[PDB]
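Coordinate inspection notes
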Amino acid sequence: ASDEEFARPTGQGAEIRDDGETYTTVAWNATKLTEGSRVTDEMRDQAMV
Amino acid sequence: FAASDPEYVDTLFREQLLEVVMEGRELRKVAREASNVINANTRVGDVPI
Ligand SMILES: [Mg+2]
Ligand SMILES: [Mg+2]
Ligand SMILES: [Mg+2]
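Counting starts from 1 on each chain and goes along its sequence as written, which need not follow the entry numbering; residues with no coordinates are hidden. To label them, take the chains in the order written and letter them from A, then take the ligands in the order written and number them from 1. Chains on display form part of a larger assembly; values are given for the displayed part and nothing beyond it. Derived side-chain values reflect all non-hydrogen atoms in the structure, with water molecules and hydrogen atoms excluded from consideration.

Its PDB header names cryo-EM as the technique used to obtain the model and reports a resolution of 2.37 Å.

Okay, here's the thing in structure tokens:
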């Protein structure tokens, strides 16, 4: 969203004027982070941990 | 010839295949009866004497 502004000093019976929210955007591009580990079956079985 | 089985051996019939497959060399398996089988928790270990 656009930064906040201030409402306007207005006469009685006078038109309420427009200062609408103007918009922009920021892009995301999510990078894949990966880590693996390999263990032998013998190691997986024998570990105390 | 006239009609002979060595002419039509793959055309009028198919050679018999005997349903029993003949076993090759079978080695004598005795270690499990002929020793004490230890089901170990590790690949490398020691036994107290
Ligand atoms: Mg007007
Ligand atoms: Mg403005
Ligand atoms: Mg040892």
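That was the structure; now back to the text.
1. Thoughts on the coordination of the magnesium ion (ligand 2)
All names here are of chain A. Threshold: A donor here means an N, O or S atom no more than 2.8 Å from the metal, or no more than 3.2 Å when the metal is Na, K or Ca. Since water is not included, a site may seem to lack partners. Each helix is a run of H or I in the DSSP string that is no shorter than four residues. Each strand is a run of E no shorter than two, and both are numbered from the N terminus. Think of it in three bands: with a 1.4 Å probe and only protein chains considered, a residue is buried below 20% of the maximum accessible area for its type, exposed above 50%, and partly exposed in between.
Taken together, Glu5 (OE), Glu5 (OE) and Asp19 (OD) make up the protein donors of the magnesium ion (ligand 2), found 2.0 to 2.4 Å from the metal. Note that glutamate 5 is positioned in the segment before helix 1 (41-46) and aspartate 19 in the segment before helix 1, a separation of 14 residues in sequence. Of the residues examined, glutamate 5 reaches a relative accessible area of 53% and is grouped as exposed. Overall, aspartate 19 belongs to the exposed group, its relative accessible area being 53%.

2. Here's the deal with the pattern of salt bridges
A side chain of one charge can pair with a side chain of the opposite charge when the charged atoms of the two come close. Residues and elements named next belong to chain B. The cut-off we apply is this: By definition, a salt bridge exists where a carboxyl oxygen of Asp or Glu is found within 4 Å of a side-chain nitrogen of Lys or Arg.
For the coordinates displayed, the defined rule picks out two salt bridges over all chains. Taking the shortest distance from any N to any O, the salt bridge between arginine 14 and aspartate 10 comes out at 2.9 Å. Residue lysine 29 pairs with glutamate 26 through a salt bridge whose shortest N-O separation is 2.8 Å. Of the two residues examined, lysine 29 and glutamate 26, each falls in the exposed class.

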